[PDB]
*Asks:* 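Pasting a structure here, questions to come.
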Amino acid sequence: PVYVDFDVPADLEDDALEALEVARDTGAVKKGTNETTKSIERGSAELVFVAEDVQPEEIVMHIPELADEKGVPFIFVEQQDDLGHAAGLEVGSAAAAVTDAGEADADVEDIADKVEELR
RNA sequence: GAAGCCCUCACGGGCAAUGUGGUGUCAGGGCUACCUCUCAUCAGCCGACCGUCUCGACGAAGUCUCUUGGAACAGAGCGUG
Ligand SMILES: [Sr+2]
């Protein structure tokens, strides 16, 4: 909420999670705020997800600005456990990063595009 | 970066991407590229001597004479470990 600066429509979040699921099956994805953080720093990240029900918020507060000064596009998910399920985890995930999609590159592109428009 | 931990005989359950586990800890470390090599460390297995304290077993040689005395464990004489 303090790091969130725009609401994402359930529909968009839907497409993003699906795109993320086919990303792990095909391409490569990072699970965890730390791994997600290094990817954004090493530049090996295409799309990073960030849960919105993260408490404490400090764990993810840095993702937004870090992503901006790195061109890396990012999107919010209303729930932490979905992101983890989608990321293929048996647990939750405060943040996620698609380290190069996989037969989803097309979708990822649009989502990023759609997001930028959503400001 | 799930390669992990806990409970249960098992089935199964719980924990864990807000990081279990690997690596590492100033002879700094890590990574990339090399040489060599380990007996350092950490973990676990086995597992005492001796010594000290206490307890216990075993363990030599007179119960001879006279006198005094209620009593010899005394005096005098002979004898022993
Ligand atoms: Sr959780």
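Chain A is the first sequence line, chain B the second, and so forth, proteins listed ahead of strands; every chain is numbered from 1. For the numbers below, each heavy atom of this structure counts, side chains included, while hydrogens, waters and symmetry mates do not.
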*Asks:* Just curious, B:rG62 north or south if you read off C1'-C2'-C3'-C4'?
*Replies:*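 Pucker flag: south.
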*Asks:* With rounding to whole Å, what would you report as the distance between B:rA76 and B:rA72 at their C1' atoms?
*Replies:*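 Looking at atom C1' only, B:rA76 and B:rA72 are 13 Å apart.
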*Asks:* Does anything in residues 11-26 of chain A pair up under salt bridge (charged side-chain N to carboxylate O under 4.0 Å, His left out), and if so which pairs, sequence neighbours excluded?
*Replies:*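 Output for this query lists A:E21-A:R24.
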*Asks:* For B:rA40, does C1'-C2'-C3'-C4' say north (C3'-endo side) or south (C2'-endo side)?
*Replies:*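 The B:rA40 sugar sits on the north side, the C3'-endo region.
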*Asks:* So, for A:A112 and A:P73, which heavy atoms are closest and what is the spacing to 0.1 Å?
*Replies:*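 Looking at all heavy atoms of both residues, the closest pair is CB-CB, 4.1 Å.
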*Asks:* What is the minimum heavy-atom distance between A:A86 and A:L17, and which atoms define it?
*Replies:*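 Here A:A86 and A:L17 meet closest at CB-CD2, 3.8 Å.
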*Asks:* Between neighbours B:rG70 and B:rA71, do the six-membered base rings sit under 5.5 Å apart with planes under 30 degrees?
*Replies:*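 As far as the 5.5 Å and 30° test goes, B:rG70 stacks onto B:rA71.
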*Asks:* On a heavy-atom basis, which atom in A:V60 and which in A:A94 lie closest, and how many Å separate them?
*Replies:*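 Distance-wise, the nearest heavy atoms are CG2-CB, 3.9 Å.
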*Asks:* Using atom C1' of each nucleotide, how far apart are B:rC6 and B:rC37 to the nearest Å?
*Replies:*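 Here B:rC6 and B:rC37 have their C1' atoms 39 Å from each other.
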*Asks:* Give a single yes or no on stacking for B:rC31 with B:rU32, with the cut-offs at 5.5 Å between ring centres and 30° between planes.
*Replies:*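 Stacking holds for this pair.
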*Asks:* State plainly whether one hydrophobic cluster holds both A:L83 and A:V22, where clusters connect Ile, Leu, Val, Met, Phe, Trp and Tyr through side-chain heavy atoms under 4.5 angstrom apart.
*Replies:*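 Each belongs to a different hydrophobic cluster.
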*Asks:* Using the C1'-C2'-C3'-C4' sign, is B:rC58 on the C3'-endo (north) or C2'-endo (south) side?
*Replies:*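 Here the torsion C1'-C2'-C3'-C4' comes out positive, placing B:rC58 north.
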*Asks:* Please give the nucleotide sitting opposite B:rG24 as a Watson-Crick or G-U wobble pair, both distances under 3.5 Å, or none.
*Replies:*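 Result: none.
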*Asks:* Could you tell me if B:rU20 and B:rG21 satisfy the stacking criterion of six-membered ring centres under 5.5 Å apart and ring planes within an angle under 30°?
*Replies:*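 Pair B:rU20, B:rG21 comes out stacked.
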*Asks:* Any chance you could list the contact pattern along nucleotides 11-21 of chain B? Use B for base contacts, S for sugar-phosphate-only contacts and - for none, protein heavy atoms under 4.0 Å, 5' to 3'.
*Replies:* -----BBBB--
*Asks:* Sign of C1'-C2'-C3'-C4' at B:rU23: does that make it north or south?
*Replies:*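 By the sign criterion, B:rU23 is north.
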*Asks:* Roughly how far apart, to the nearest Å, are B:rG29 and B:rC7 at atom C1'?
*Replies:*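 Looking at atom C1' only, B:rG29 and B:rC7 are 38 Å apart.
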*Asks:* Pick the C1' atom in B:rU25 and in B:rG44, then give their distance to the nearest Å.
*Replies:*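 It works out to 23 Å between them.
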*Asks:* Taking all heavy atoms of A:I111 and all of A:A16, pick out the closest pair and write down the distance.
*Replies:*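 What the structure gives for the nearest pair is CD1-CA, 3.7 Å.
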*Asks:* Report the glycosidic orientation of B:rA17: syn if within 90° of 0, anti in every other case.
*Replies:*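 B:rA17: syn.
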*Asks:* For the adjacent pair B:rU63/B:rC64, please state whether the pyrimidine-type six-membered rings satisfy a centroid distance under 5.5 angstrom and an interplanar angle under 30 degrees.
*Replies:*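 The answer is no; the two bases are not stacked.
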*Asks:* How far does the P atom of B:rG75 sit from the matching atom of B:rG81, given to the nearest Å?
*Replies:*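 It comes out at 23 Å once rounded to the nearest Å.
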*Asks:* Considering only atom P, compute the distance from B:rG21 to B:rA2 and round it to an integer number of Å.
*Replies:*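 Between the two P atoms, the distance is 15 Å.
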*Asks:* Check for me whether B:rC37 stacks on B:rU36 (ring centroids under 5.5 Å, interplanar angle under 30°).
*Replies:*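 When the rule is applied to B:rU36 and its neighbour B:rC37, the answer comes out as yes.
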*Asks:* Examine B:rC39 and say whether its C1'-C2'-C3'-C4' torsion places the sugar north (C3'-endo side) or south (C2'-endo side).
*Replies:*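 Negative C1'-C2'-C3'-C4' torsion, south pucker.
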*Asks:* Given the rule that I, L, V, M, F, W and Y join up when any side-chain heavy atoms are under 4.5 Å apart, are A:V54 and A:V91 in one cluster?
*Replies:*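 Different clusters.
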*Asks:* Provide the Watson-Crick or G-U wobble partner of B:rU32, both distances under 3.5 Å; none if there is no partner.
*Replies:*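 Base-paired to nothing in any strand shown.
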*Asks:* For B:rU54, give the paired nucleotide (Watson-Crick: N1-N3 plus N6-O4 or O6-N4; G-U: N1-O2 and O6-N3; both under 3.5 Å), or none.
*Replies:*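 The answer is none; no pair meets the criterion.
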*Asks:* Are A:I40 and A:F74 close enough, and set up right, to give a side-chain contact (heavy atoms from CB on, under 4.5 Å), and what steps lead you there?
*Replies:* CA-CA 10 Å; A:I40 298 182; A:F74 65 78; over 6 Å; no
*Asks:* Roughly how many Å apart are B:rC73 and B:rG56, using the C1' atom of each and rounding to a whole number?
*Replies:*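 About 32 Å, rounded to a whole number of Å.
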*Asks:* So is B:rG21 sitting in a Watson-Crick or G-U wobble pair with B:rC46, both distances under 3.5 Å?
*Replies:*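 Result no; criteria under 3.5 Å not both met.
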*Asks:* Let's test this: given Watson-Crick or G-U wobble pairing with both distances under 3.5 Å, identify the partner of B:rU63.
*Replies:*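 B:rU63 is unpaired by these criteria.
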*Asks:* In whole Å, what separates the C1' atom of B:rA3 from that of B:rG22?
*Replies:*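 Between the two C1' atoms, the distance is 8 Å.
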*Asks:* Got a sec, which residues hit salt bridge (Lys or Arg N to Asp or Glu O under 4.0 Å) with A:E78, two or more places apart in sequence or on another chain?
*Replies:*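 With sequence neighbours excluded, A:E78 shows a salt bridge (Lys or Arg N to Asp or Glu O under 4.0 Å) to no residue whatsoever.
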